[PDB]
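FYI, the authors' numbering numbers position 190 of the sequence shown as 190, with every residue one higher than the one before it. Below is one structure; the comments refer to it alone.
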Amino acid sequence: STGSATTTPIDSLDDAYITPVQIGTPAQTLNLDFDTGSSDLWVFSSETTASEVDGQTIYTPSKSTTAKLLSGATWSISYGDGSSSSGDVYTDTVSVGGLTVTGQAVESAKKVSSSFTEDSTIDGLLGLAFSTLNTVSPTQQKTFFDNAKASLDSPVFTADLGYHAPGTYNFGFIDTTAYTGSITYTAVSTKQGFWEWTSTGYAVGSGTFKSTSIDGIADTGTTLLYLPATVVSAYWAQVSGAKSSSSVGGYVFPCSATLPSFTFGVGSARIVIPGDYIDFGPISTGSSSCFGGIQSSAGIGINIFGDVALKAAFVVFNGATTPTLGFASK
């Protein structure tokens, strides 16, 4: 089997991407944030504290003839950005782009933090990291991909995120029309439960490539590119007037600037992030100070190849017995 679904930016800045997901019988379609940095499929629901729901579409398990309470199971998750959610668990039929999993754990939120409530466009998350990170207790549950894998034509999924435009998540096949050149594959460590890999270096603009190992995670659920302070300083030094602002929470730059590109290495291959992908717009409405899309990972504890990086590539998440990651230009 295969599946193919379009993923759409939630706003004009590509702050996140949503993908429609069918849950239950009859189907209830919710727009979920596919997140290769976590491993829970959780949804706003009829059980979510009413004051914490503000415009989201909810899953109502009592209206699904295939929903079953997973007795005694609870979940609770905290994300890198300080947000969180928790609740109980159902199993139900879940379909993405024509690919159906029966008995998928659907984690129903009883509580969500303010950032979730405040984002009306995201109805929940669909985790695509390794199932070892799944938070369901006392019996850990499998991700949608893990459940689908054996049925897939090939045990892979691909992320093809658009810049200010829709893109695609495919399951079970590689669309050879969706990228240019070849796909370069690189080793993955699953030790921390992430799609963790080592970039071979970087360049800023038309500058020379610096060969240096940068361990980080391919994370569709993180907006920005978070890299070591040395790398980030080298990038922003090429933008007149750019500075790190403690009050704002990172590097800012004059909105009048033209940003240089940023290149990262994948083995001997190179992925080029155009300068415009690095512009996250005014820090506040009407400001001429703009927020940068490349930020320091210092104090995160890990480097994160978030959407800013991934959307410059066609990315293969290869879930073979020994997982790997593939990157192609597009």
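All C-beta atoms in this analysis are idealised placements derived from N, C-alpha and C, irrespective of residue type, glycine included.
**Request:** Count the other CB atoms, across all protein chains shown, that sit within 10 Å of the CB of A313; report buried if there are 16 or more and exposed otherwise.
**Result:** buried
**Message:** Please state whether the Cβ-Cβ distance between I278 and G292 is less than 8 Å.
**Reply:** yes
**Message:** Assess contact between the stretch 202 to 222 and the stretch 309 to 325, defined as three or more Cβ pairs (one per stretch) separated by less than 8 Å. Is contact present?
**Reply:** yes
**Asked** For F173, which residues from the same chain have a beta carbon less than 7 Å from its beta carbon, with the 5 sequence-adjacent residues on both sides left out?
**Response** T2, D153 and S154
**Message:** Helix, strand or coil for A218? Go by DSSP, reduced to three states.
**Reply:** strand
**Item:** DSSP state of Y235 mapped onto helix, strand, coil
**Value:** helix
**Request:** Let me know if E196 comes out buried or exposed under the rule of 16 or more other beta-carbons within 10 Å of its beta-carbon.
**Result:** buried
**Asked** Thinking C-beta only, is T6 closer than 8 Å to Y185?
**Response** no
**Prompt:** Quick one, which of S113, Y235 and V96 has its alpha-carbon nearest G82's?
**Reply:** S113
**Request:** Within its chain, find whatever has a CB closer than 8 Å to the CB of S284; leave out the 5 residues flanking it on each side and keep chain order.
**Result:** none
**Message:** Please return the same chain residues whose Cβ sits closer than 8 Å to the Cβ of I122, not counting the five positions on each side in sequence.
**Reply:** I10, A16, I18, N31, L32, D33, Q56 and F116
**Message:** Going by C-alpha to C-alpha distance, which of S38, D276 and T65 sits closest to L13?
**Reply:** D276
**Asked** Would you call the stretch 132 to 150 and the stretch 74 to 93 in contact, with 3 or more CB pairs under 8 Å?
**Response** yes
**Asked** Taking Cβ to Cβ, would you say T25 is nearer than 8 Å to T60?
**Response** no
**Asked** From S51 to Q28, what does the alpha carbon distance come to, in whole angstroms?
**Response** 22 Å
**Prompt:** Going by the CB atoms, is the gap between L133 and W42 shorter than 8 Å?
**Reply:** no
**Message:** For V316, report the span of its beta strand (DSSP E) as first-last.
**Reply:** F314 to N318
**Item:** From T158, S287, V231 and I294, residue whose alpha carbon lies closest to that of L224
**Value:** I294
**Asked** Are the Cβ atoms of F44 and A109 separated by less than 8 Å?
**Response** yes
**Request:** Report the three-state DSSP secondary structure of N303 (helix, strand or coil).
**Result:** strand
**Asked** By the 10 Å Cβ neighbour count, where 16 or more other Cβ atoms means buried, how is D40 classified, buried or exposed?
**Response** buried
**Message:** Pull the bridge partners of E107 from the DSSP assignment, please.
**Reply:** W42 and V89
**Asked** So, using beta-carbon positions, are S256 and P274 closer together than 8 Å?
**Response** no
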